[PDB]
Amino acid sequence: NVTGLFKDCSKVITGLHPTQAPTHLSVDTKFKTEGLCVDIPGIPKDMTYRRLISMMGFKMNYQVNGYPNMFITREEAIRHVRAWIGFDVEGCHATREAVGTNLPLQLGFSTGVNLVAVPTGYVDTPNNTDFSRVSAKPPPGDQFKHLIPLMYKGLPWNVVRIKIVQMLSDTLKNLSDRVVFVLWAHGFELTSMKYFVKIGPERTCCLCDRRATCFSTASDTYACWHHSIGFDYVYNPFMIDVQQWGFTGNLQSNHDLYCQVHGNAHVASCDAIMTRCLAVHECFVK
């Protein structure tokens, strides 16, 4: 019937004018009749709206010739263990002018790095989509209290994505020609990848013959991990969701079955470390 992908999270009670609605579903009911929509003389377009559009619910099950698929099998992931980077994101929630969606706040990786982003969302307007800071708050509850100070320490996304590319490049350039993000319950990590990942056919580096792992919007060029200085996007990453391998219960309980050297520090990087560690113990140990 309907999906939550691109849900309108605004608090506006009415739908959109037929010329402005992205979809038939989003047109206001007043224009709907006889199976379709009508233009109503005297009923104007809305020239000031800002409607937050949710990025929760992507489905990367495309099958398009020459485009690699992002999600890989366990067997393929094992061959690429040196490319494994655990990844976890802690979110904040849209508030005030919008409600109903999760925005990236703290991005953590198995390298130990946490990056903090300004709460940023995709706001439809009469003229475009405005990728912009939005009102947000951490979820309530003692287990989320550590996110409170991060609400004022975020970097703009144009800075955050450069730092992600640099970190991945520094970590992986002598380990692999790719990255495999190792995830646990991947939905929100996939949402967060919309902010720093692009895809397309396989490409090569501007400066050598390796496969491209990075893309620059400044020049519309591609680079491998050795030549990506200043690049802003991760290009054609791979990924796998460890939760799907048959575990029950939370990440920590399964990680702790095999490992006593990663106490839970309750931060995105620690979840990312535990996820990669669990995967490694499951596939390579005993």
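Residue indices: 1-based, along the sequence shown.
Asks: When the C-alpha temperature factors are averaged for each of 11-19 and 269-277, which stretch ends up with the higher value in the entry?
Replies: Stretch with the greater average CA B-factor: 11-19.
Asks: State which stretch shows the higher mean Cα B factor in the entry: 193-201 or 207-215.
Replies: In the deposited entry, the stretch with the higher C-alpha B-factor mean is 207-215.
Asks: Looking at the C-alpha B-factor values in the deposited entry, which of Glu34, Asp232, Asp256, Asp241 comes out highest?
Replies: So the option with the highest C-alpha B-factor is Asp256.
Asks: For the listed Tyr122, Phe71, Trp184, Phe144, which has the peak Cα B-factor recorded in the PDB entry?
Replies: By C-alpha B-factor in the record, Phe144 ranks first.
Asks: Would you mind checking where the Cα B-factor of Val285 ranks among the modelled residues of its chain, as the lowest, middle or highest third?
Replies: Highest third of the chain for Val285's C-alpha B-factor.
Asks: Among the modelled residues of this chain, does the Cα B factor of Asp39 put it in the lowest, middle or highest third?
Replies: Answer is lowest: the recorded C-alpha B-factor places it there.
Asks: Compare the C-alpha B factor of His93 with those of the other modelled residues in its chain, then answer lowest, middle or highest third.
Replies: It falls in the middle third of the chain.
Asks: According to the PDB entry, is the CA B factor of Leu107 in the bottom, middle or top third of its chain, that is, lowest, middle or highest?
Replies: Lowest third of the chain for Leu107's C-alpha B-factor.
Asks: Can you tell me which third, lowest, middle or highest, the CA B-factor of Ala223 falls into for its chain?
Replies: For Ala223, the deposited C-alpha B-factor lands in the highest third.
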